[PDB]
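Read the structure below first, then the notes.
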Amino acid sequence: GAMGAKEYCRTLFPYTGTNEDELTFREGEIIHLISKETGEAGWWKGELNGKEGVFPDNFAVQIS
């Protein structure tokens with residue numbers, strides 16, 4: 001459904017990843033969106049800081 005054409009998002013809230021596959025981010029971070037479809041609706045996969053993991057899309061707003 002989604003098509004990663006090089007999408008990017010900004011975090012509106014910080015989030016601490018408890019899991020390793022879970023991305024720990026601050027607010028104001030431009031994340032490189034990898035996949036919106038992680039198999040689950042609500043979790044996006046993004047790469048930030050060299051880490052590509054999943055996070056709930058409720059913490060971010062998309063830029064591109």
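By order of appearance in the structure tokens: chains A, B, ..., then residues from 1 within every chain, and ligands from 1 in the order shown.
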Item to check | All residues 10 Å or closer to residue 49 (chain A), only C-alpha atoms, same chain fewer than 4 positions away omitted, as a VMD selection string | outcome: chain A and resid 23 to 25 29 to 32
Checklist entry - Which one is closest to residue 55 (chain A): A:1, A:21, A:43, A:38? Count only C-alpha atoms. => result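 Of A:1, A:21, A:43, A:38, the one nearest residue 55 (chain A) is A:43, counting only C-alpha atoms.
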Checklist entry - So how many Å separate CA of residue 35 (chain A) and CA of residue 12 (chain A), to one decimal? => result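 The value is 18.6 Å.
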Checklist outcome for this item: Of A:26, A:13, A:59, A:5, the one nearest to residue 42 (chain A) when counting only C-alpha atoms is A:59
Checklist entry - Which is closest to residue 62 (chain A) among A:2, A:50, A:33, A:27, if we use only C-alpha atoms? => result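 Looking at the shortest contact to residue 62 (chain A), the residue is A:33.
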Item to check | Which of A:61, A:41, A:48, A:54 sits closest to residue 11 (chain A) [using only C-alpha atoms] | outcome: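 Ranking A:61, A:41, A:48, A:54 by distance to residue 11 (chain A), first place goes to A:61.
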Checklist entry - Please, which residues of chain A, numbered as in this document, come out strand (DSSP E) from DSSP, as a PyMOL selection string? => result chain A and resi 7-11+30-35+43-48+51-56+60-62
Checklist entry - To one decimal place, how far is CA of residue 64 (chain A) from CA of residue 45 (chain A) in Å? => result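 Pair CA of residue 64 (chain A) / CA of residue 45 (chain A) returns 14.7 Å.
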Checklist entry - Between A:53, A:60, A:39, A:34, which has the minimum distance to residue 6 (chain A) (counting only C-alpha atoms)? => result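 Counting only C-alpha atoms, the residue closest to residue 6 (chain A) is A:34.
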Next on the checklist: Let me make sure I understand: among A:22, A:15, A:28, A:40, which one has the smallest atom-to-atom distance to residue 52 (chain A) if we use only C-alpha atoms?
Outcome noted: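 Looking at the shortest contact to residue 52 (chain A), the residue is A:22.
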Checklist entry - CA of residue 36 (chain A) and CA of residue 16 (chain A), how far apart in Å? => result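 About the pair CA of residue 16 (chain A) and CA of residue 36 (chain A): they are 19.4 Å apart.
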